[PDB]
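Sequence, then the experimental structure. Questions to follow.
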Amino acid sequence: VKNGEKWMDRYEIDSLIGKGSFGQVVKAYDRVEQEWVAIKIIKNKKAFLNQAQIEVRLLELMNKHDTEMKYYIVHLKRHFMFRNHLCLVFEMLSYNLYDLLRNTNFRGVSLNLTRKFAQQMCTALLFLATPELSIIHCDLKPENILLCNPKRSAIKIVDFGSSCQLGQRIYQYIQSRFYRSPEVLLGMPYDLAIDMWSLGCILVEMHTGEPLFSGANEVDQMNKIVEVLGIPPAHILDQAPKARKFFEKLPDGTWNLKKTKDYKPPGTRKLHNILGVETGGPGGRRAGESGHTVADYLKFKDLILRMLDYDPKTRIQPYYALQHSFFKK
Ligand SMILES: COc1cc(-c2ccnc(N)c2)ccc1Cl
Ligand SMILES: [Cl-]
Ligand SMILES: [Cl-]
C-alpha cells in the first residue's frame, strides 16, 4: 500500500502493523480526529468481504450497548469502502499476549498478571453473553488479545472475523486448534461456552509460557486433552457426530480411546503438576515468590478446571467465573 499515501483527504498511511487471512492492518494518521488509528484492510474477494461484513455488523451491535462491561473489546471507530476493499478503522492498541510470552522466553508471566488478564477476559465474555448480543468470538488465543498500552496490563480482544451470534453458526470447523473446545472437535452445535474453553487454555499458557494442548492435528489435539482431563463423559460422546474420529464405544455403554501406533494414560497428566501447585509453580521457577503460594495456586487450578469442563452445559459462565475465590482480595 506504501507509506505517505493519503486516502480521502483524511488518512495518511504510515506502516504495516499486521497481516491476517483477512488482509492487512496498517497504522494511519486520521487528520479529522487528530489521532493515530489501525485500519484493517480486507482483501478484495467476495469470501473475505462477506465475512468482514459480518465482523462490522457484530462490532456495531456491541457499540450500541454502553455499559462498563463493553470496554474489553477493541473499538471500531468506523468503516468505508476504498479501491474495492472494506476498511475497518480501530483505535490503536499495543502488542499481543503471544509477543508478551515470546518476551518472557516462553517462561510465563506471574500468577498476579495472569489474574489481571483473567478478570478482564471474563468481563469481556460476560459482555458478549448479553442476551441481545449472544456473540461467540470463536478464535480466542494469545495473538487476539492486545495490550492497550505497553506500560500497562489493560487488554482488549480483537478479530471478530470468525465470530457469530448464537444460532447464526456458519462453519463446523472453527477456533485455532490449540484453543479448540471438545464440542467443536466432536462436530457438535457450539454456543458461547467454546470461548470459556479457549480462555482456560490461554490462562494456563500465560503462566507456564507453553500451550496447554498443542495438538499437531485434531486426533493429537483430543489425545492431549484426554491426557489431562480423561475420557469425555458418555452423555457427550453419545450425542457427538465425530465421537468415532477419536473414541470407540463398547457393549457396556462405555467409551475409550481409539489408538494408532505409539500419550500418558487418560487423566494422568495432572493440571496440579503442570501448574506446579506444590512444587514452586511451572518448572519450579516461582519457588518463594509472593503471590505464588499453594493456596493461590489451588484457587487458580480450581477455576481452570471449571473452565475446562467437558460439558458446555455445566462449564463455568463468565458471571460465576468473576465471583470465584481466585479473584477475591
Ligand atoms: C495488530 O494491531 C492491531 C490489530 C487490530 C485488529 C486486527 C484484526 N481484527 C481486528 N478486529 C482488529 C486492531 C488494532 C491493532 Cl493496533
Ligand atoms: Cl500461540
Ligand atoms: Cl475460526
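Arrived safely, thanks for sending. Numbers count the residues shown, from 1 in each chain. Ligands and ions are numbered 1, 2, ... in the order given.

Helices of the stretch 1-150 of the chain, residue ranges please.
46-63, 97-103, 111-128 (DSSP state H, counting those that start in this stretch).

out of those helices, nearest to residue 91?
Closest to residue 91 of the helices of the stretch 1-150 of the chain is helix 46-63 (C-beta to C-beta; 11.8 Å). Backbone N, C-alpha and C define where each C-beta goes, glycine included.

Distance check, the spatially most central residue of the chain against residue 168.
Centroid-nearest residue in the chain: residue 140, 1.7 Å away (criterion: C-alpha atoms, centre = their mean). If you measure residue 140 against residue 168 using C-beta to C-beta, to the nearest Å, the figure is 18 Å.

repeat for residue 23
Distance from residue 23 to residue 168, by C-beta to C-beta: 23 Å.

Of the two, give the one with the bigger neighbour count.
Taking other C-beta atoms under 10 Å, residue 23 and residue 168 do not tie; residue 23 has more neighbours (22 against 12).

ok, now which ones touch residue 169?
189-190 (C-beta atoms under 8 Å, 6 or more residues apart in numbering).

which SS class is it?
Here residue 169 is coil, with the state taken from DSSP: H, G, I helix; E, B strand; the rest coil.

which parts of this structure sit against ligand 3?
Proximity of the chain to ligand 3, by C-beta under 5 Å from the ion, involves residues 139, 162, 174.

now, among those, which is nearest to residue 217?
residue 174 (15.7 Å).

Leaving out chain neighbours, which residue sits closest to the closest one?
residue 138 (4.8 Å; C-beta to C-beta, 6 or more residues apart in numbering).

hang on, the earlier thing: what sits against the residue nearest to the centre of the chain?
So residue 140 contacts 121, 157, 175, 179, 195, 198-199, 202 (C-beta under 8 Å, 6+ apart).

Could I get the phi/psi values of it?
phi -80, psi 130 (degrees, to the nearest 10).

what about the closest residue to it other than its chain neighbours, neighbour count?
For residue 140, ignoring the flanking residues on the chain, the nearest one in space by C-beta to C-beta, 6+ apart is residue 198 at 3.7 Å. Other residues near residue 198 number 25, with proximity taken as other C-beta under 10 Å.

Over to the one 3 residues further on?
Burial of residue 201 is recorded as 25 neighbouring residues (other C-beta under 10 Å).

Over to residue 203?
Using other C-beta under 10 Å, residue 203 has 23 other residues around it.

quick one: it and residue 304 touch, right?
Yes. Using C-beta atoms under 8 Å, residue 203 is in contact with residue 304, at 6.3 Å.

Looking at the stretch 1-150 of the chain, what residue ends up closest to ligand 3?
With C-beta to the ion as the measure, residue 139 is the residue of the stretch 1-150 of the chain nearest to ligand 3, at 4.6 Å.

Skipping its backbone neighbours, what lies nearest residue 204 in space?
residue 212 is the one closest to residue 204 (C-beta to C-beta, 6+ apart), at 4.4 Å.

would you say the one you found is within a helix?
No. The assignment for residue 212 by three-state DSSP gives coil, which leaves it out of any helix.

Just give the number of residues close to it.
Residue neighbour count, defined by other C-beta under 10 Å, stands at 21 for residue 212.
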